[PDB]
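Analysis of the macromolecular model
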Amino acid sequence: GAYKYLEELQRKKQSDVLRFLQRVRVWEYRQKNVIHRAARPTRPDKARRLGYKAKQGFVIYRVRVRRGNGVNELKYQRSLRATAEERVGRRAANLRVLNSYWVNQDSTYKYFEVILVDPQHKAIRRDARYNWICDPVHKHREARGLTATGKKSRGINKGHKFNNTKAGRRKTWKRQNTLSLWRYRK
Amino acid sequence: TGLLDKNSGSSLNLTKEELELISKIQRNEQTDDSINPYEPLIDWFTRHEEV
Amino acid sequence: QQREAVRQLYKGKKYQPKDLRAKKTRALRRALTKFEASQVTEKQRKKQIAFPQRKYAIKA
Amino acid sequence: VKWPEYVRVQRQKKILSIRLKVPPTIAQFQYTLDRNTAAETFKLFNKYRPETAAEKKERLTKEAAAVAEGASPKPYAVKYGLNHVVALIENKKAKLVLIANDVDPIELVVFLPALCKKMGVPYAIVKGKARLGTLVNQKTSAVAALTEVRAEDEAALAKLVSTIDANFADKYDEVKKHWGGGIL
Amino acid sequence: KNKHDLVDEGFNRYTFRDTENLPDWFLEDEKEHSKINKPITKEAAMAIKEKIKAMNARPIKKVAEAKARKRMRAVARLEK
Amino acid sequence: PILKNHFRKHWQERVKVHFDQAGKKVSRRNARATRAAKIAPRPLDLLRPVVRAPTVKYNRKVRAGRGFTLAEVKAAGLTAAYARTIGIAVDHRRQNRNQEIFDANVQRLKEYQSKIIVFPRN
Amino acid sequence: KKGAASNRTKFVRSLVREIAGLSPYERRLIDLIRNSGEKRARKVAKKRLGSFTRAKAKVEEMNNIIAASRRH
Amino acid sequence: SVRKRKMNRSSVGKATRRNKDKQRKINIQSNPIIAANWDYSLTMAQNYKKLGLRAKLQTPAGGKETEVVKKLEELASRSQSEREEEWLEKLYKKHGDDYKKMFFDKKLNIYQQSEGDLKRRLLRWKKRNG
RNA sequence: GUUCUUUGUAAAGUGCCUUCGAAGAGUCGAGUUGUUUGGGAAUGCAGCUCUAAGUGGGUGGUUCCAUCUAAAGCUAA
RNA sequence: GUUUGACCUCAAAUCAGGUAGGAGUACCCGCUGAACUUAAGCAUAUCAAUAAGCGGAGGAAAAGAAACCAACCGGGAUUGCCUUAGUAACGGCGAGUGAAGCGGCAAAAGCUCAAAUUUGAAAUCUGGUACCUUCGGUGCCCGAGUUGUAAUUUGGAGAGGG
């Protein structure tokens, strides 16, 4: 194919080709708006393996976020990527945030390219592989951390290590902090 | 440098070369010399055609 | 008499007036139509003809 | 004078395209096939337009209107998708692979000239993705390949290979070296 | 850290960049955003505050004036 | 002399008393009756395998597993995709290592295949 | 079948390796093998990367860059 | 409450639904043989053992041929297209049974099909004909 | 149940023989400040520095062994 | 050719068609986050990953088909209940905090993309438009699209032939 050549190309980020590509594009993205729409994905390989199909109803938005946070280390423990996903969720409120990836970074700003599906588009409402997003249980997945990075920041996975946050940390706290009393007292 | 030397109570100074090296970090200006920033791409793999 | 006349000139075509349309409720005037919900993918239909859920009884 | 935002941006991007030192896997583009050889490549490539949507529809209704009431060889056309061209190189089925110099993300087609030099596929970086688009019923094509050919066009194709080898690959053996864009 | 250690650290995300041929409206947007946040000390901030402090920073005049401020404050808290 | 009382928090907000024990038993029996009224001739549950429990403590005991395997189903003489339509639970991630467990399951499948009456699609 | 060889991906990784050039530290690292040797080369690589097993694979990778570029 | 207070006061009327007796006794639907022989006074598991059929394949927690013959009774109890038929007519009339020659023919076997495909399809053609 | 349509060298499945055969990067990781956990094993997460590999990589268990396939997504009770 | 024409990017239009906000908020998913108090006076700690504040969903939400647990004669998505169990572990080892595997049971269900050429044919889709048996279908047209929509393939492998 062609995307394996692309995939293994973008794994080298400080390599002289992709160094130059990233040098031009970081400046070019500064000259535009903060949240603006991309004509097409810059990394179509990574877009596609995160589930971007180049068809009507699929949108790529490019987004910018400030970096960082002991006053200057009063932390703010939510990610930069979740902040970005939420902002594009509000400017494009008719869409549904599917996934997002890293494109270019800087001293001040990390950039992302969110991928968005139009659930009202009839090319999405048919085709039984993508019409799950039209179900109203996906209205703002990025606002509730149901995206890839949100599920990471929530700490939702499997095992010993995620026992405090496997069904969600609020749910497990409320469950284990409940005096359960039966009719015939145990 | 505002700090006191361990060898002697006199103020620890910096050499010209070190001061040059600090500045060349902060404006990024190529620290290790005797290298080309722009080497020709020596095609170490495409030299031999595949059968 | 006016409304049913407008119903007759807009008979059986896409885009009839927003008052002559069904009222239902907002959440149901979104939400995938019966065709778009029962629409299964091309692969699952092959899997469903090849292996439908067979009816059985266990004793004799 | 005062220009718009986007006009200033594309003019700034134009002068930025010149004034920076560029890595030799890029600027291996823009060292591209000249006017005569480009016109002669297309004089062959225009004979293999993929059958347009209207032409295909009318012919396949002609099949229906005839065959339902009252042998053909496999037809040859240019091959035009990047997944399909980089499939065809490494098969190895490509005899002439045409590569556009102007691609929206440049990173897309950077491996392709050197992968063609690796496989032994006689490639030519031709100027314009629009110009490739014209011969292929698409707005843009990025890549166009010529796998198989009619025997009338076979000798012309083999000579097109040899002309491109001599004109392109031999004049631009220095292009694998030399970082472009040192223009004062 | 010796010379040899810093020569390693010198190769950044931002090395191998031309700076003399390029137009100023581009470099003035790069140089703002090409600063790698290296860890600091209090020990260094001390000396850099001792380096910038000039001669007329604290004369007799401004010392006497500083006490003239604080006397007025000590008066203003007996005005209540 | 020890005792530990976890009533330092606002415990009085989260006190769940299960008065609905009798109500929820009725509710599950109604659920089973409904499911058996919809799935008429079929049991109410899939055919589950015999399995040896882990840990030095419980390796004496034999228990229900999730599903068989592609191996146990093939050795029985049928396919995994077809086993599910006949109501045999299939476990892809489980492995076969013990011969006694294997043979017990194959005979459980074989006796099941003798006792069943599969309806035709017509 | 842990890392099944895959003739094609070995080719693709090495194909991108030669085209992309080297990262500025690897560019120093390959100069450092020729002058100072693998001793200091692994020392810088370990400080640069995460662990020592990282520095093993990386200096060997760079030694194969040298082994191909110089001889064959 | 706030909303319930008004709704119990208003002249709109409550949307009263008396669906409690329907929760216990749900009619059996998927099989008419079972639908005729199901004693609703008995429970689920009692109506399974009455008929004979096993209700739970795992041994339950706790303490526990009249109709199955009728089921057994009702359980013990692809053509070709015009163009495909005419294609097989052509192959048989030109060759007969020489499948090697029949499949190496460019004019009639345009799809380069094997010998086994040809003998199977021709026998389907021969069974439907004389 | 009754009935109208089905087609096209169309769509599958089983077993054997024969030829091949990829797997999610500013991500894992490392350091680091801060938060957080029963998690002393440094439990999770967030920011910042640096940043990988494919007979890979992660997680456990007294020379090794076992068990998973991350960094993509849906799904009732 | 000092002309004409492809594209690329960026706009506009009371353009055609859509969609987002606000309410409710018990439960549910997030973000943000105290204090009174309790600890011997008390920067840790505790109340508490609580209340208040802010956003976002549904009939449930979330979770979920292992980068899981174990150490067995091995189990096998999640969730919930009994048990583990005030156990392991944390803590001026102080006040206090405090699980999970196993076993039983409730309920159970599995799958889908990206990454290998359809290349003997973009097989795909949206809109406009005229009919019809109208949650749609059919015909024609403008497009989206090769910087990749379809079919095949997802490790339980899988694919091309015989």
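Its PDB header attributes the entry to cryo-EM and lists the resolution as 4.3 Å.

Once that is clear, we can look at the overall build of chain E. Each helix and strand in chain E was counted, giving four helices and zero strands. The order of helices and strands in chain E, counted from the N terminus, is α-α-α-α. In terms of its C-alpha atoms, chain E occupies a principal-axis envelope of roughly 65 × 35 × 30 Å.

As a further point, take the overall build of chain H. What chain H contains, in helices and strands, is eight helices and zero strands. In terms of C-alpha radius of gyration, chain H reaches 33 Å, well past the compact-globule figure of 14 Å for 130 residues. Viewed in the frame of its principal axes, chain H has a C-alpha envelope of about 90 × 50 × 30 Å.

Here nine pairs of chains make contact, and the pair sharing the most contacts is chains C and F. Here chain D and chain E are not in contact; the least distance found between their C-alpha atoms is 7 Å. With respect to C-alpha atoms, chain B approaches chain F no nearer than 42 Å, and the pair has no contact.

Further remarks concern the interface of chain A and chain F. In this complex, chain A contributes seven residues to the contact, which on the side of chain F involves five residues. Taken together, the residues of the side of chain A that touches chain F break down into three nonpolar, three polar and one charged.

Counting residues at the interface gives eight residues for chain F and eight residues for chain C. Across three bridges, the pairing between strand β1 (residues 56–58) of chain C and strand β4 (residues 116–118) of chain F is antiparallel. Each residue of the ladder has a partner; that of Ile58 of chain C, found in β4 of chain F, is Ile116 of chain F.

With an omega of -5 degrees, the peptide bond between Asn91 of chain D and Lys92 of chain D qualifies as cis. One can find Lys92 of chain D in the loop between α4 (82–88) and β1 (97–100).

Residue and element names in this part refer to chain D. In space, the three strands of this open sheet follow the order β2-β1-β3, with mixed pairing throughout. A single partner strand is all that each edge strand has here, and the edge strands are β2 (123–126) and β3 (143–145). Neighbour-to-neighbour, the strand axes of the sheet open up by a mean angle of 20 degrees, direction not taken into account.

All names here are of chain A. Strand order in the open sheet formed by four strands is β1-β2-β4-β3, with antiparallel pairing between adjacent strands. Each of the sheet's edge strands pairs with one partner strand only, and the pair in question is β1 (36–38) and β3 (96–105). Direction aside, the axes of adjacent strands within the sheet are offset by 35 degrees on average. Relative to strand β2 (residues 58–66), β1 runs antiparallel, the two sharing three bridges. Counted as the bridge partner of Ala38 is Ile60 from β2.

In this section: the pairing of β3 of chain A. Residues and elements named next belong to chain A. One ladder, built from seven bridges, connects β3 with strand β4 (residues 109–117); its direction is antiparallel. Following the sheet pairing, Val97 is matched in β4 by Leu116. Taking the residues that link successive antiparallel strands as the turn, the β3-β4 hairpin has three residues.

Each value, and the rule that gives it
Residues numbered from 1 in each chain as written, not as in the entry; some residues may be left out. Chains lettered and ligands numbered in written order. Part of a larger assembly, values for the part shown. Heavy atoms only, no water. Residues with missing side-chain atoms left out of burial classes, pairs and counts. Helix = DSSP H or I, 4+ residues; strand = E, 2+ residues; numbered from the N terminus. Rg over C-alpha atoms; globule rule 2.2 N^0.38 Å. Contact = heavy atoms within 4.5 Å. Nonpolar A, V, L, I, M, F, W, Y, C, P; charged D, E, K, R; others polar. Pairing = 2+ DSSP bridges. Axes fitted to C-alpha atoms, helices over the stretch in contact; angles between N-to-C directions.

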